[PDB]
Amino acid sequence: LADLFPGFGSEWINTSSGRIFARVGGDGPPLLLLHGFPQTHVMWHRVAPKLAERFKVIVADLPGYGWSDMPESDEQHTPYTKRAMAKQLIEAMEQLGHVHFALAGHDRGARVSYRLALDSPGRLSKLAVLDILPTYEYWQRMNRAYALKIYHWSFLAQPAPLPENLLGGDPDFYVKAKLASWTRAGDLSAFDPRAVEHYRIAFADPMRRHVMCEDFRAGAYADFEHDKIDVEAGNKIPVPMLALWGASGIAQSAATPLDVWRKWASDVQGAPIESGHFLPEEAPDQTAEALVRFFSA
Amino acid sequence: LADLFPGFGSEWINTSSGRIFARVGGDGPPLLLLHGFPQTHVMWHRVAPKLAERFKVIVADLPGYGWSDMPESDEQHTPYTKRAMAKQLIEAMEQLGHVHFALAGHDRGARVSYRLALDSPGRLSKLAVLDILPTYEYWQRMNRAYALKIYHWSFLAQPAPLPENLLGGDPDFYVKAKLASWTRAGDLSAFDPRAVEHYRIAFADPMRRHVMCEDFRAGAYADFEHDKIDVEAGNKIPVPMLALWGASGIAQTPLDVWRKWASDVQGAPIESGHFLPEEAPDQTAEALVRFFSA
């Protein structure tokens with residue numbers, strides 16, 4: 001597997017929930033980057049160099065993803081809830097001496113990030129979320145059109161072992177079909193082939209695939225309930241926030257994303273980028289510039 | 001494969017879209033029975049004898065299912081739309097000289113049946129639908145809870161080859177898990193093992209699975225649009241109608257829904273999961289005999 005982060009170190013960070021793998025580079029204010037599904041930390045490889053010119057960059061695998069340890073799940077999918085993942089990554093950052101840091105997340109990692117901001121806002125100087133709306137908003141918007149568009153939210157959340165057994169026959173085809181499907185072009189041309197191989201090797205492990213399904217089970221149940229409590233209480237994220245989304249990504253599908261985030265956050269700016277879902281790989285120059293600009297002064 | 005219809009004949013009925021397989025038994029007024037997903041005509045094996053005491057019973061494999069021929073699909077999934085399936089089954093019944101008959105359907109076959117009643121009500125003396133609401137109603141109800149409960153309506157409707165590819169690895173597991181998960185018991189104990197083997201053998205064929213996906217693609221697209229026209233026009237089924245549903249089933253307030261779609265409908269729950277004719281054959285048969293007898 002290729003080293004896609006020239007000059008970055010590698011840490012396996014201990015936490016009570018298991019080790020977090022991360023690439024670490026740069027110098028300056030600390031910035032944590034969190035990937036999503038069906039990816040790993042390597043999705044940041046096209047923007048991490050520019051960010052490392054200005055920040056100490058920590059590029060972490062989510063709990064249970066990539067090279068991070070895989071805690072055993074439970075009947076409530078607890079370790080793969082965004083609340084639990086956020087607690088685990090807070091512990092991981094504390095091992096590095098970071099108790100107040102900047103955070104950018106994409107896809108599932110962006111759900112960890114806004115959940116972190118809701119539960120522990122004092123941990124974050126600034127927050128960026130890439131190509132998402134809150135989990136509560138995706139579910140509240142489910143109707144026939146969106147059930148067809150994001151079918152995988154309901155498919156991968158079916159009780160085990162149904163998705164695991166369907167994914168086991170030809171895992172390469174599914175992970176590559178999802179990667180292609182959510183790009184603007186509908187193929188794999190936006191990805192570095194070495195990055196695709198990282199994603200494919202991770203997805204080829206049945207234990208890794210089970211974690212992904214637990215993530216989506218949490219997304220259908222506890223994560224939704226945690227969000228529901230906040231929205232029904234009127235709780236807003238106070239951390240200065242940036243919402244970026246792809247003009248051809250998932251979040252915009254049937255929702256105007258900045259209006260949605262303004263319901264959830266009291267100091268939020270947002271912009272579209274010409275891109276499908278995978279902003280840091282499909283639009284690395286625009287994504288890196290937006291993030292550098294936001295996190296700087 | 002076991003013969004689960006003692007005394008019934010076996011017939012391949014010609015139509016302009018391909019052959020319809022059916023088991024045929026009994027004498028009296030004609031009654032067509034239509035199965036659904038992921039089953040074949042054999043799901044009627046526990047109630048067909050009692051019906052054949054009073055009716056000529058025709059137990060047909062849906063277009064593309066079981067032993068029926070598989071017409072070539074197209075970009076709009078036309079032959080697996082319920083409108084097209086109903087036309088094809090109307091042709092098959094004409095080959096037998098039945099132009100006015102009783103009809104009972106379950107699951108996909110009940111969707112064929114109510115669409116047949118809307119398009120061609122003169123064909124039907126009486127209609128029974130088992131453990132369904134109209135396809136439009138399912139989709140209008142498609143919130144988080146329902147997207148999780150009937151996920152396969154969106155999964156199997158994904159563009160080819162996504163579900164076809166996933167189903168090929170372990171088809172026996174998928175068909176068995178569907179059969180079990182929709183019953184009251186949650187396992188396969190309500191089914192005759194010989195019936196399960198019929199369903200497994202059909203589902204083992206990739207061409208048969210592709211048909212099923214085309215059926216759910218039609219269900220997400222053309223079938224929904226056809227139903228939407230009738231709702232938007234205020235069109236109701238005039239055929240006297242029975243809606244039966246499982247107290248633990250999928251359709252679960254169903255008589256209230258059907259009264260919006262039908263001007264003469266009665267209904268009742270059966271203590272059963274989705275698969276009424278196999279989980280509760282005695283109550284299902286009694287309800288059907290009483291309804292169709294008049």
# chains A, B, ... in the order shown; residues from 1 in each chain; ligands from 1
$ residues_around --residues "residue 165 (chain B)" --least-positions-apart "2" --cutoff "10 Å" --atoms "only C-alpha atoms" --output "MDAnalysis selection string"
(chainID A and resid 166:167 169:170 173:174) or (chainID B and resid 160:163 167:169 206 210)
$ write_last_selection --atoms "N, CA, C and O atoms" --output "PDB file, in the first residue's frame"
ATOM      1  N   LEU A 166     -24.574 -10.170   2.015  1.00  0.00           N
ATOM      2  CA  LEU A 166     -24.690  -9.713   0.640  1.00  0.00           C
ATOM      3  C   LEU A 166     -23.378  -9.117   0.145  1.00  0.00           C
ATOM      4  O   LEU A 166     -22.979  -9.338  -1.011  1.00  0.00           O
ATOM      5  N   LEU A 167     -22.674  -8.389   1.013  1.00  0.00           N
ATOM      6  CA  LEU A 167     -21.408  -7.772   0.623  1.00  0.00           C
ATOM      7  C   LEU A 167     -20.271  -8.782   0.492  1.00  0.00           C
ATOM      8  O   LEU A 167     -19.253  -8.439  -0.108  1.00  0.00           O
ATOM      9  N   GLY A 169     -19.913 -11.665  -1.170  1.00  0.00           N
ATOM     10  CA  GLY A 169     -19.648 -12.456  -2.364  1.00  0.00           C
ATOM     11  C   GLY A 169     -18.646 -11.809  -3.300  1.00  0.00           C
ATOM     12  O   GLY A 169     -17.851 -12.500  -3.955  1.00  0.00           O
ATOM     13  N   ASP A 170     -18.699 -10.488  -3.416  1.00  0.00           N
ATOM     14  CA  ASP A 170     -17.902  -9.734  -4.390  1.00  0.00           C
ATOM     15  C   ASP A 170     -17.647  -8.342  -3.811  1.00  0.00           C
ATOM     16  O   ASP A 170     -18.108  -7.331  -4.340  1.00  0.00           O
ATOM     17  N   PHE A 173     -16.528  -5.245  -5.969  1.00  0.00           N
ATOM     18  CA  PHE A 173     -17.481  -4.605  -6.871  1.00  0.00           C
ATOM     19  C   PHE A 173     -18.315  -3.553  -6.142  1.00  0.00           C
ATOM     20  O   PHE A 173     -18.561  -2.457  -6.670  1.00  0.00           O
ATOM     21  N   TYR A 174     -18.701  -3.840  -4.905  1.00  0.00           N
ATOM     22  CA  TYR A 174     -19.568  -2.904  -4.191  1.00  0.00           C
ATOM     23  C   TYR A 174     -18.813  -1.634  -3.830  1.00  0.00           C
ATOM     24  O   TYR A 174     -19.332  -0.520  -4.033  1.00  0.00           O
TER      25      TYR A 174
ATOM     26  N   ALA B 160     -29.691  -1.772 -12.265  1.00  0.00           N
ATOM     27  CA  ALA B 160     -28.877  -2.935 -12.568  1.00  0.00           C
ATOM     28  C   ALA B 160     -27.445  -2.506 -12.903  1.00  0.00           C
ATOM     29  O   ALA B 160     -27.233  -1.454 -13.518  1.00  0.00           O
ATOM     30  N   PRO B 161     -26.432  -3.309 -12.518  1.00  0.00           N
ATOM     31  CA  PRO B 161     -26.534  -4.609 -11.863  1.00  0.00           C
ATOM     32  C   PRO B 161     -26.348  -4.613 -10.353  1.00  0.00           C
ATOM     33  O   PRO B 161     -25.964  -5.654  -9.834  1.00  0.00           O
ATOM     34  N   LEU B 162     -26.614  -3.512  -9.664  1.00  0.00           N
ATOM     35  CA  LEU B 162     -26.251  -3.463  -8.244  1.00  0.00           C
ATOM     36  C   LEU B 162     -26.906  -4.576  -7.431  1.00  0.00           C
ATOM     37  O   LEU B 162     -26.180  -5.337  -6.768  1.00  0.00           O
ATOM     38  N   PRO B 163     -28.237  -4.724  -7.395  1.00  0.00           N
ATOM     39  CA  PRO B 163     -28.790  -5.809  -6.558  1.00  0.00           C
ATOM     40  C   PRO B 163     -28.509  -7.163  -7.162  1.00  0.00           C
ATOM     41  O   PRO B 163     -28.253  -8.102  -6.411  1.00  0.00           O
ATOM     42  N   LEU B 167     -26.914 -10.159  -4.908  1.00  0.00           N
ATOM     43  CA  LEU B 167     -27.704 -11.357  -4.660  1.00  0.00           C
ATOM     44  C   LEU B 167     -27.011 -12.614  -5.172  1.00  0.00           C
ATOM     45  O   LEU B 167     -27.347 -13.706  -4.728  1.00  0.00           O
ATOM     46  N   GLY B 168     -26.046 -12.494  -6.086  1.00  0.00           N
ATOM     47  CA  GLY B 168     -25.441 -13.695  -6.650  1.00  0.00           C
ATOM     48  C   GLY B 168     -24.540 -14.475  -5.702  1.00  0.00           C
ATOM     49  O   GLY B 168     -24.318 -15.667  -5.928  1.00  0.00           O
ATOM     50  N   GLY B 169     -24.004 -13.835  -4.659  1.00  0.00           N
ATOM     51  CA  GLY B 169     -23.026 -14.510  -3.825  1.00  0.00           C
ATOM     52  C   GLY B 169     -23.628 -15.641  -3.014  1.00  0.00           C
ATOM     53  O   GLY B 169     -23.062 -16.742  -2.937  1.00  0.00           O
ATOM     54  N   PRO B 206     -30.070 -16.841 -11.740  1.00  0.00           N
ATOM     55  CA  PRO B 206     -29.865 -15.390 -11.886  1.00  0.00           C
ATOM     56  C   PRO B 206     -30.895 -14.711 -12.778  1.00  0.00           C
ATOM     57  O   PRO B 206     -31.246 -13.554 -12.526  1.00  0.00           O
ATOM     58  N   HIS B 210     -33.142 -11.477 -11.694  1.00  0.00           N
ATOM     59  CA  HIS B 210     -33.186 -10.233 -12.458  1.00  0.00           C
ATOM     60  C   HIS B 210     -34.633  -9.817 -12.676  1.00  0.00           C
ATOM     61  O   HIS B 210     -34.964  -8.637 -12.537  1.00  0.00           O
TER      62      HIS B 210
END
$ select_by_dssp --residues "region 23-77 of chain A" --states "strand (DSSP E or B)" --output "list in words"
residues 23, 24, 25, 26, 30, 31, 32, 33, 34, 56, 57, 58, 59 and 60 of chain A
$ residues_around --residues "residue 246 (chain A)" --least-positions-apart "2" --cutoff "8 Å" --atoms "only C-alpha atoms" --output "ChimeraX atom specification"
/A:131,244,248-252,272-279
$ interface_residues --of "chain A" --to "chain B" --cutoff "8 Å" --atoms "only C-alpha atoms" --output "JSON, numbers by chain"
{"A": [139, 140, 141, 142, 143, 144, 147, 148, 151, 152, 154, 155, 157, 158, 162, 165, 166, 167, 168, 169, 170, 174]}
$ closest_residue --among "B:84, B:33, B:196, B:280" --to "residue 222 (chain B)" --atoms "only C-alpha atoms"
B:84
$ closest_residue --among "A:30, A:71, A:234, A:38" --to "residue 180 (chain A)" --atoms "only C-alpha atoms"
A:38
$ atom_distance --atom1 "CA of residue 58 (chain B)" --atom2 "CA of residue 111 (chain B)"
17.6 Å
$ closest_residue --among "B:80, B:12, B:258, B:275" --to "residue 128 (chain B)" --atoms "only C-alpha atoms"
B:258
$ select_by_dssp --residues "region 37-130 of chain A" --states "helix (DSSP H, G or I)" --output "mmCIF file with N, CA and C atoms, in the first residue's frame"
data_model
loop_
_atom_site.group_PDB
_atom_site.id
_atom_site.type_symbol
_atom_site.label_atom_id
_atom_site.label_comp_id
_atom_site.auth_asym_id
_atom_site.auth_seq_id
_atom_site.Cartn_x
_atom_site.Cartn_y
_atom_site.Cartn_z
ATOM 1 N N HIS A 41 -8.279 7.270 6.042
ATOM 2 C CA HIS A 41 -7.577 8.548 6.164
ATOM 3 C C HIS A 41 -6.905 8.978 4.868
ATOM 4 N N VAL A 42 -6.604 8.032 3.967
ATOM 5 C CA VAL A 42 -5.874 8.443 2.763
ATOM 6 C C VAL A 42 -6.696 9.367 1.860
ATOM 7 N N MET A 43 -8.028 9.474 2.019
ATOM 8 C CA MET A 43 -8.786 10.412 1.170
ATOM 9 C C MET A 43 -8.334 11.863 1.290
ATOM 10 N N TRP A 44 -7.568 12.207 2.327
ATOM 11 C CA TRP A 44 -7.089 13.564 2.501
ATOM 12 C C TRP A 44 -5.768 13.809 1.808
ATOM 13 N N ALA A 48 -3.842 17.385 2.149
ATOM 14 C CA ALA A 48 -3.003 17.419 3.344
ATOM 15 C C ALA A 48 -1.701 18.191 3.154
ATOM 16 N N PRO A 49 -0.972 18.087 2.030
ATOM 17 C CA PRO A 49 0.243 18.923 1.883
ATOM 18 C C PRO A 49 0.004 20.419 2.044
ATOM 19 N N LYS A 50 -1.000 20.985 1.365
ATOM 20 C CA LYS A 50 -1.264 22.414 1.506
ATOM 21 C C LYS A 50 -1.672 22.769 2.930
ATOM 22 N N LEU A 51 -2.464 21.909 3.583
ATOM 23 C CA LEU A 51 -2.857 22.211 4.957
ATOM 24 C C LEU A 51 -1.650 22.170 5.891
ATOM 25 N N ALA A 52 -0.718 21.249 5.626
ATOM 26 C CA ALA A 52 0.459 21.093 6.477
ATOM 27 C C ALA A 52 1.435 22.248 6.324
ATOM 28 N N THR A 78 -23.129 0.773 20.038
ATOM 29 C CA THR A 78 -22.558 1.919 20.755
ATOM 30 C C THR A 78 -21.193 2.376 20.259
ATOM 31 N N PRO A 79 -20.201 1.512 20.056
ATOM 32 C CA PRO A 79 -18.865 2.029 19.741
ATOM 33 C C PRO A 79 -18.817 2.730 18.385
ATOM 34 N N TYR A 80 -19.793 2.477 17.511
ATOM 35 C CA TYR A 80 -19.807 3.101 16.186
ATOM 36 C C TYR A 80 -20.845 4.187 16.065
ATOM 37 N N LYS A 82 -21.782 8.119 16.588
ATOM 38 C CA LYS A 82 -20.904 9.269 16.433
ATOM 39 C C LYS A 82 -20.546 9.857 17.788
ATOM 40 N N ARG A 83 -21.451 9.734 18.771
ATOM 41 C CA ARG A 83 -21.121 10.178 20.117
ATOM 42 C C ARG A 83 -19.919 9.408 20.664
ATOM 43 N N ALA A 84 -19.934 8.070 20.520
ATOM 44 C CA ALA A 84 -18.806 7.302 21.041
ATOM 45 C C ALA A 84 -17.533 7.566 20.247
ATOM 46 N N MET A 85 -17.648 7.673 18.916
ATOM 47 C CA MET A 85 -16.460 7.917 18.114
ATOM 48 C C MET A 85 -15.855 9.254 18.476
ATOM 49 N N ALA A 86 -16.706 10.250 18.734
ATOM 50 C CA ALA A 86 -16.204 11.560 19.118
ATOM 51 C C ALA A 86 -15.479 11.493 20.457
ATOM 52 N N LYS A 87 -16.044 10.774 21.438
ATOM 53 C CA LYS A 87 -15.345 10.627 22.719
ATOM 54 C C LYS A 87 -13.979 9.966 22.530
ATOM 55 N N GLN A 88 -13.921 8.931 21.685
ATOM 56 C CA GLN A 88 -12.673 8.221 21.448
ATOM 57 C C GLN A 88 -11.636 9.121 20.798
ATOM 58 N N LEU A 89 -12.052 9.945 19.823
ATOM 59 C CA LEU A 89 -11.073 10.789 19.159
ATOM 60 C C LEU A 89 -10.651 11.957 20.054
ATOM 61 N N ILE A 90 -11.529 12.421 20.946
ATOM 62 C CA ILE A 90 -11.118 13.383 21.971
ATOM 63 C C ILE A 90 -10.019 12.785 22.846
ATOM 64 N N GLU A 91 -10.180 11.523 23.264
ATOM 65 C CA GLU A 91 -9.117 10.873 24.040
ATOM 66 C C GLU A 91 -7.833 10.782 23.225
ATOM 67 N N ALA A 92 -7.962 10.400 21.951
ATOM 68 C CA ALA A 92 -6.784 10.279 21.101
ATOM 69 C C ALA A 92 -6.062 11.609 20.990
ATOM 70 N N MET A 93 -6.805 12.700 20.782
ATOM 71 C CA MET A 93 -6.153 14.001 20.655
ATOM 72 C C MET A 93 -5.498 14.401 21.973
ATOM 73 N N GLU A 94 -6.101 14.005 23.106
ATOM 74 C CA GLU A 94 -5.489 14.304 24.408
ATOM 75 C C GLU A 94 -4.165 13.587 24.569
ATOM 76 N N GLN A 95 -4.021 12.383 24.002
ATOM 77 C CA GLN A 95 -2.732 11.681 24.063
ATOM 78 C C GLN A 95 -1.630 12.478 23.394
ATOM 79 N N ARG A 108 -19.041 10.170 7.003
ATOM 80 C CA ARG A 108 -19.249 9.731 8.396
ATOM 81 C C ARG A 108 -18.401 10.549 9.358
ATOM 82 N N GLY A 109 -17.186 10.923 8.941
ATOM 83 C CA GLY A 109 -16.309 11.692 9.802
ATOM 84 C C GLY A 109 -16.827 13.085 10.085
ATOM 85 N N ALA A 110 -17.602 13.657 9.154
ATOM 86 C CA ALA A 110 -18.269 14.917 9.408
ATOM 87 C C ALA A 110 -19.407 14.747 10.415
ATOM 88 N N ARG A 111 -20.034 13.564 10.450
ATOM 89 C CA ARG A 111 -21.052 13.287 11.470
ATOM 90 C C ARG A 111 -20.420 13.136 12.856
ATOM 91 N N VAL A 112 -19.288 12.440 12.943
ATOM 92 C CA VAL A 112 -18.508 12.494 14.181
ATOM 93 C C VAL A 112 -18.235 13.941 14.586
ATOM 94 N N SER A 113 -17.867 14.787 13.606
ATOM 95 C CA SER A 113 -17.413 16.133 13.929
ATOM 96 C C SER A 113 -18.545 17.008 14.482
ATOM 97 N N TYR A 114 -19.733 17.005 13.850
ATOM 98 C CA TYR A 114 -20.766 17.889 14.392
ATOM 99 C C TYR A 114 -21.297 17.321 15.693
ATOM 100 N N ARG A 115 -21.313 15.990 15.834
ATOM 101 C CA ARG A 115 -21.690 15.408 17.122
ATOM 102 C C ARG A 115 -20.685 15.811 18.213
ATOM 103 N N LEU A 116 -19.386 15.803 17.890
ATOM 104 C CA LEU A 116 -18.370 16.284 18.827
ATOM 105 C C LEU A 116 -18.656 17.716 19.250
ATOM 106 N N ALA A 117 -19.015 18.575 18.287
ATOM 107 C CA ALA A 117 -19.305 19.974 18.582
ATOM 108 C C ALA A 117 -20.563 20.119 19.432
ATOM 109 N N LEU A 118 -21.564 19.258 19.239
ATOM 110 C CA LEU A 118 -22.754 19.341 20.077
ATOM 111 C C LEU A 118 -22.472 18.867 21.497
ATOM 112 N N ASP A 119 -21.675 17.809 21.656
ATOM 113 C CA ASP A 119 -21.477 17.215 22.974
ATOM 114 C C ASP A 119 -20.377 17.888 23.762
ATOM 115 N N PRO A 121 -18.380 21.156 22.854
ATOM 116 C CA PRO A 121 -17.954 22.322 22.048
ATOM 117 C C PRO A 121 -16.644 22.954 22.489
ATOM 118 N N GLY A 122 -16.325 22.853 23.772
ATOM 119 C CA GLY A 122 -15.094 23.442 24.248
ATOM 120 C C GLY A 122 -13.845 22.833 23.641
ATOM 121 N N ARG A 123 -13.964 21.648 23.011
ATOM 122 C CA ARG A 123 -12.824 20.984 22.388
ATOM 123 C C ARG A 123 -12.418 21.620 21.070
#
$ residues_around --residues "region 282-293 of chain B" --least-positions-apart "5" --cutoff "7 Å" --atoms "only C-alpha atoms" --output "MDAnalysis selection string"
chainID B and resid 47 50:51 126 270 276:277
$ write_last_selection --atoms "N, CA and C atoms" --output "tab-separated table (two decimals), in the first residue's frame"
chain	number	residue	atom	x	y	z
B	47	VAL	N	-54.17	-23.70	0.96
B	47	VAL	CA	-55.54	-23.22	0.86
B	47	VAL	C	-56.21	-23.63	-0.45
B	50	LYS	N	-59.21	-26.47	-0.28
B	50	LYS	CA	-60.49	-25.98	0.21
B	50	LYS	C	-61.19	-25.09	-0.80
B	51	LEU	N	-60.43	-24.25	-1.51
B	51	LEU	CA	-61.05	-23.43	-2.54
B	51	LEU	C	-61.58	-24.28	-3.69
B	126	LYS	N	-65.20	-10.61	-8.24
B	126	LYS	CA	-64.81	-10.25	-6.88
B	126	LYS	C	-63.29	-10.28	-6.81
B	270	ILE	N	-55.83	-11.16	10.23
B	270	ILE	CA	-55.61	-12.58	10.49
B	270	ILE	C	-54.38	-12.65	11.39
B	276	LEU	N	-49.87	-14.98	4.80
B	276	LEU	CA	-51.17	-15.46	5.28
B	276	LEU	C	-51.50	-16.89	4.85
B	277	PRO	N	-51.39	-17.27	3.58
B	277	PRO	CA	-51.86	-18.61	3.18
B	277	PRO	C	-51.04	-19.76	3.74
$ atom_distance --atom1 "CA of residue 273 (chain B)" --atom2 "CA of residue 131 (chain B)"
8.8 Å
$ decode --residues "region 32-58 of chain A" --atoms "C-alpha atoms" --output "PDB file, in the first residue's frame"
ATOM      1  CA  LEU A  32      -7.780  16.905  12.814  1.00  0.00           C
ATOM      2  CA  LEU A  33      -9.110  15.431   9.543  1.00  0.00           C
ATOM      3  CA  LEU A  34     -11.759  12.673   9.619  1.00  0.00           C
ATOM      4  CA  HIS A  35     -12.740  10.564   6.583  1.00  0.00           C
ATOM      5  CA  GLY A  36     -15.961   8.649   5.934  1.00  0.00           C
ATOM      6  CA  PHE A  37     -17.427   5.632   4.098  1.00  0.00           C
ATOM      7  CA  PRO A  38     -16.169   3.593   2.243  1.00  0.00           C
ATOM      8  CA  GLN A  39     -12.800   5.335   2.680  1.00  0.00           C
ATOM      9  CA  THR A  40      -9.892   5.714   5.109  1.00  0.00           C
ATOM     10  CA  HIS A  41      -7.577   8.548   6.164  1.00  0.00           C
ATOM     11  CA  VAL A  42      -5.874   8.443   2.763  1.00  0.00           C
ATOM     12  CA  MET A  43      -8.786  10.412   1.170  1.00  0.00           C
ATOM     13  CA  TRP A  44      -7.089  13.564   2.501  1.00  0.00           C
ATOM     14  CA  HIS A  45      -3.860  12.967   0.578  1.00  0.00           C
ATOM     15  CA  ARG A  46      -4.469  15.596  -2.107  1.00  0.00           C
ATOM     16  CA  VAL A  47      -5.180  18.426   0.358  1.00  0.00           C
ATOM     17  CA  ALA A  48      -3.003  17.419   3.344  1.00  0.00           C
ATOM     18  CA  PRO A  49       0.243  18.923   1.883  1.00  0.00           C
ATOM     19  CA  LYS A  50      -1.264  22.414   1.506  1.00  0.00           C
ATOM     20  CA  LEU A  51      -2.857  22.211   4.957  1.00  0.00           C
ATOM     21  CA  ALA A  52       0.459  21.093   6.477  1.00  0.00           C
ATOM     22  CA  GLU A  53       2.058  24.322   5.257  1.00  0.00           C
ATOM     23  CA  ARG A  54      -0.023  26.142   7.918  1.00  0.00           C
ATOM     24  CA  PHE A  55      -1.224  23.571  10.501  1.00  0.00           C
ATOM     25  CA  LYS A  56      -0.118  20.550  12.476  1.00  0.00           C
ATOM     26  CA  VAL A  57      -2.228  18.037  10.512  1.00  0.00           C
ATOM     27  CA  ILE A  58      -3.532  14.825  12.124  1.00  0.00           C
TER      28      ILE A  58
END
